[PDB]
4 protein chains.
Amino acid sequence: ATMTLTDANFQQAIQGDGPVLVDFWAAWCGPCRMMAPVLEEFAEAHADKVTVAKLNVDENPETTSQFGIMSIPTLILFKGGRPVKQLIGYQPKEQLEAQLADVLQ
Amino acid sequence: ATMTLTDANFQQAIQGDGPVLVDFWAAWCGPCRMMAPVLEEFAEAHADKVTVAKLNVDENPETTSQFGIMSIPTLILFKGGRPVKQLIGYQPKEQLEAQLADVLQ
Amino acid sequence: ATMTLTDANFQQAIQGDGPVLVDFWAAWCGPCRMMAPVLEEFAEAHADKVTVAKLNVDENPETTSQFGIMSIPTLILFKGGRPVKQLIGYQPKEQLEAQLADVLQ
Amino acid sequence: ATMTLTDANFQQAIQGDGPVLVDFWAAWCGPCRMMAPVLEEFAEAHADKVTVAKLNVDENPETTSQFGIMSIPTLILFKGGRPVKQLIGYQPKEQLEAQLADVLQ
């Protein structure tokens, strides 16, 4: 729910002003469907600690290839406009919050 | 030469007699770019044993989802309009050949 | 009756003469959910000739990789501790019966 | 200096009796190839303080999974066999120097 990223708006949309959690997803991806509500809820619950961004790899090959994405879904946390943490994309709320403890504090 | 398939024509294209090796790939996928020339060479060497088809998952989510694809690339061998073997998509030509030894015999 | 296996007990479960039909599935996979009731009825009807186990791929990544599962649903029949047959895709009662006529002896 | 690491010798080398900078890469990864010359130069002016090693993710699945590598290039600095810093994405010389300095004395 917070932002839709594209190869065109990525560079700007992920600069300075606040941590951005990018979810690399695909329409055909099953786990991404299970993760969709988890991320929506996460975005709502920590809307002031971080911004959740969605990058549909189906339509955005440059960014996806640029980060050497290997599996869908994949999560990458950006701070100061730079990727600082990477996580497998399938994560229950508990595990997701535990690993992102720092930014949520 | 490889055969390009879409969600719209996939069903008719895999209707049996004459094995079809389907490569589920994406342009942003690194291993897929490594395999492109490999599969084209493979197709040229075994054209009268099997047809190599390519299904771009970025553009064809229906077929991809129908087969519960989880990672790309993925190779699925079809015989009789039915999927009979599933293979890791990123493999050297020599390993692929061993894996498909029966259809190549 | 469709006992559940995991990465922690899979190996010894199959490391036996005992014919075991393993159902590789996930909650997000429609055809997988379509086959759960069929398999439950199947396990009940042929309990004397085969034991039906379920392996959720999202929760058990080790087993999923070891057996190169790239497409779900997939059924793998183990005999003597080794996979002897794989069935890819939704299998209605009649197909399962026909395909597994062997173990059904 | 560019010692090659594998699933077999990684943990051992990481318990390296000194800091080790591991470069996670693949032959399909452009920014990774771009980073290769940069890392060699770094390994040079810091060969008394750190060893630079390479781990190909395509050929070494266990290490790749062990460290949750979802995006490459990725560098992980180990100090005492434990990961102490992780850098994601291309790092120009100036960045490598600034980010790893606290390990450069």
# chains A, B, ... in the order shown; residues from 1 in each chain; ligands from 1
call {"tool": "closest_atom_pairs", "arguments": {"of": "range 8-99 of chain A", "to": "range 67-90 of chain B", "cutoff": "9 Å", "atoms": "only C-alpha atoms", "output": "CSV"}}
result
residue,atom,partner,partner_atom,distance
A:28,CA,B:69,CA,7.7
A:29,CA,B:70,CA,6.7
A:30,CA,B:70,CA,7.4
A:31,CA,B:70,CA,8.4
A:70,CA,B:72,CA,8.0
A:71,CA,B:71,CA,6.1
A:72,CA,B:71,CA,7.0
call {"tool": "closest_atom_pairs", "arguments": {"of": "chain B", "to": "chain A", "cutoff": "6 Å", "atoms": "only C-alpha atoms", "output": "CSV"}}
result
residue,atom,partner,partner_atom,distance
B:28,CA,A:65,CA,4.7
B:58,CA,A:58,CA,4.1
B:61,CA,A:28,CA,4.9
B:65,CA,A:28,CA,5.0
call {"tool": "select_by_dssp", "arguments": {"residues": "range 18-105 of chain B", "states": "alpha helix (DSSP H)", "output": "PyMOL selection string"}}
result
chain B and resi 30-46+61-66+93-99+101-104
call {"tool": "select_by_dssp", "arguments": {"residues": "chain C", "states": "strand (DSSP E or B)", "output": "number ranges by chain"}}
result
C: 3-5, 20-25, 51-56, 71, 74-79, 82-88
call {"tool": "residues_around", "arguments": {"residues": "residue 37 in chain B", "least_positions_apart": "5", "cutoff": "12 Å", "atoms": "only C-alpha atoms", "output": "PyMOL selection string"}}
result
chain B and resi 1-2+31-32+42-44+90+92-93
call {"tool": "residues_around", "arguments": {"residues": "residue 51 in chain D", "least_positions_apart": "4", "cutoff": "12 Å", "atoms": "only C-alpha atoms", "output": "ChimeraX atom specification"}}
result
/D:1-5,13-23,39-47,76-79,103-104
